[PDB]
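Peer 1: Need coordinates for the following:
(2 chains)
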Protein chains: 2
Amino acid sequence: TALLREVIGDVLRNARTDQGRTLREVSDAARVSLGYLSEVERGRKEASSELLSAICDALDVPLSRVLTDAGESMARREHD
Amino acid sequence: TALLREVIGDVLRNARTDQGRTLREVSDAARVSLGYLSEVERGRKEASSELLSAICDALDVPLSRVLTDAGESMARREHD
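Peer 2: Numbering: from 1, shown residues only, chains lettered A, B, ... in the order given. Find the structure here:
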């Protein structure tokens, strides 16, 4: 039901707000438009692997942890 | 270093060959070209969330397990 990009987006949004960073700051660092980042966080735009890595780098979060956290969230959704 | 789509692709390829299925059988079930599926498995094409879900369904593998396994693999790559 829930799509990869929605569960990934929530993980990315939580990683950003857990450092009090704005869409502007992360999008500047990742070299993407603010509106594109917002839509990725809301699960309405697919982020390329290259952009995902750029966002993880801007947030100092390992992509491994993004994937594991997304999998745990997706397992919760499947279980509900 | 390693891109999300390369680690995801290996997980998808392993899920397919662990059931002895061909690219043709999974691509027919997922309604994508054989060449597109092959390139997704090799990590050279990004799979949309919709196509990823269609591949997981064709393989009876939960997307949660694909994400967790990809995260464990990516953690190995980061650790090396």
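Peer 1: My understanding was that residue A:41 contacts residue A:11; is that so?
Peer 2: No - between residue A:41 and residue A:11 there is no contact under CB atoms under 8 Å: 9.3 Å. C-beta: built from backbone N, CA, C; applies to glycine.
Peer 1: out of these two, which sits in the more crowded spot?
Peer 2: Each of residue A:41 and residue A:11 has its neighbours counted (other CB atoms under 10 Å in any protein chain shown); residue A:41 has more, 25 against 21.
Peer 1: show me where chain A has helices.
Peer 2: Taking DSSP state H, the helices of chain A run over residues A:4-17, A:23-30, A:34-41, A:49-59, A:63-79.
Peer 1: would you list the ones you listed in CSV and tack on distance to chain B?
Peer 2: Shown next, in CSV, are the helices of chain A (distance: least, CB to the nearest CB, whole Å):
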stretch, distance to chain B
helix A:4-17, 4
helix A:23-30, 14
helix A:34-41, 12
helix A:49-59, 4
helix A:63-79, 3
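Peer 1: Name the stretch among these that sits most buried.
Peer 2: Ranked by mean neighbour count under mean count of other CB atoms under 10 Å in any protein chain shown, the helices of chain A are led by helix A:4-17, which reaches a mean of 20.
Peer 1: thinking again about what came up before, to residue B:5, which of the helices of chain A lies closest?
Peer 2: Residue B:5 lies closest to helix A:49-59 among the helices of chain A, at 4.6 Å (CB to CB).
Peer 1: Just the C-alpha atoms of that closest one, please, in CSV.
Peer 2: C-alpha atoms of helix A:49-59 as CSV (Å, rounded to 0.1, in the frame of the first residue of the first chain):
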residue,chain,number,x,y,z
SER,A,49,19.8,7.7,-5.9
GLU,A,50,22.2,10.6,-6.5
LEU,A,51,19.9,13.1,-4.9
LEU,A,52,19.1,10.8,-2.0
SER,A,53,22.9,10.5,-1.4
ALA,A,54,23.2,14.3,-1.6
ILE,A,55,20.4,14.7,1.0
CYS,A,56,22.0,12.1,3.3
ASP,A,57,25.3,13.9,3.0
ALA,A,58,23.7,17.3,3.8
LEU,A,59,22.2,15.7,6.9
